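Presented as structure tokens, the chain that follows is alone, the form deposited in one PDB entry.
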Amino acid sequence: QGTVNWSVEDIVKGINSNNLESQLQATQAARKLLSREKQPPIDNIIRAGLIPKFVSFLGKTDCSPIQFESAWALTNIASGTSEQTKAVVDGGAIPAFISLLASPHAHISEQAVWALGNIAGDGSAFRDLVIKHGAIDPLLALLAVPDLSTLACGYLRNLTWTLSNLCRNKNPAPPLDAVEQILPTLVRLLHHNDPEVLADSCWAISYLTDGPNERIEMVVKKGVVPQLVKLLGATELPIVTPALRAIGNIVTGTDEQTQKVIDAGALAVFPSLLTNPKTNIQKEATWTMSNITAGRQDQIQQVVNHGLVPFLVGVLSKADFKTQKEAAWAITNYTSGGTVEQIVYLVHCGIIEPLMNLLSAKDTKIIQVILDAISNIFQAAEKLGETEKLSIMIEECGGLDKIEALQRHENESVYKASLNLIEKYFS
């Protein structure tokens, strides 16, 4: 292979030669230049004006090697900044790649899938432009096989990643018709036995579930929540992270969607998620819990039945401070929407000491959340003639001191609520 380490000048000489095979050699040399991880000369290749020549090569049926080489080079040009991807798009590459998707050579169609994914990954605009050119139909036609296992592993992984990029990005979100067109194949991929396919499919579902309740409902109608929970229980963290993200997105919708999550058995997995060694898994699991303790009282009772209140107490006691803030949110929602029996159970699980210990943080929001939770618990106690007991409890663990110190805190509502508590339950 004497196509190693050409100069941009030599490649330009070869591509302008009007000799199909000299052009093929120059295009392979360009591909190898662009395939180096140490600063590929993308900008230099663009300034040479080579993108139109590559795009024209994309359509040379009688020379599949130059098709593959130009597709690879343009894929690696589109893998760069938004301006480089834009240079690829302006050359007319989208329709050429969509036409290549029907190539009878598997590696060329795979490279076209790769390039289209790189393009759509730039953002909403290029995503929707790829959709408008009619990519979804051929992309999904490539997956129209009885058993996904017959497809090549890398082929299927690239197809899944591209389809996931077609579901990515918001403001705007993907077209509803496109999501309806993709979701069946996406579910079939979500039921695949390959870990990377599963991770990309869960990321796609997490993208689709990040939005209004209508999108969440589109996703939930397809009965993917049970599979999402099964994957939530997986050992491969790359699969668990997107599955937890998707469950947390779904529980932000209506209480019926949250209830479908609960029915699928998600809570049973949360004892592990809330003690996960990954800080972000813990944080997102606590964030998901906060969106469940905000729901109905029967759902709070489901949380309690699964014995997850001790795990929230633990997270509040020792965890990354952001996880602790999400836990404070969950506790405040619990107390605001829960019964008196449930608030009493929360206090019995040992919430008061770790809740007080967080009133010395420098985050003003967590102070407000904790004070709101304390006010709710004190209301629940008033409903029992137990305010004296709870005040004694908060005093014996050093909480009264922090509450008093919060009267000089700069923020307004902070000292307002703290002074209210001081004057109302401590006299």
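Position 1 is the first residue in the sequence shown; the rest follow in order.
Beyond what is shown, the protein has a form deposited with a partner chain bound; the following relates to that form.
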Query raised in the report: its partner chain isn't shown here, but in the deposited bound form which of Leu312, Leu189, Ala93, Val251 has a heavy atom within 4.5 Å of it?
Result: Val251
Report task. Sort through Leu267, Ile216, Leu183, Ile136 and report the residue having a heavy atom within 4.5 Å of its partner chain in the deposited bound form. Result -> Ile216
Query raised in the report: Does its partner chain come within 4.5 Å of a heavy atom in each of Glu404, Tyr415 and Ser418 in the deposited bound form?
Result: no
Query raised in the report: So which stretch, 290-298, 139-147, 341-349, 267-275, is the one near its partner chain in the deposited bound form (non-hydrogen atoms, 4.5 Å)?
Result: 290-298
Query raised in the report: Heavy atom to heavy atom, is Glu353 within 4.5 Å of its partner chain in the deposited bound form?
Result: no
Query raised in the report: Would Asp128 sit within 4.5 Å of its partner chain in the deposited bound form, counting heavy atoms only?
Result: no
Query raised in the report: Do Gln227 and its partner chain share at least one heavy atom pair within 4.5 Å in the deposited bound form?
Result: no
Query raised in the report: Closest heavy atom of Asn333 to its partner chain in the deposited bound form, within 4.5 Å or not?
Result: yes
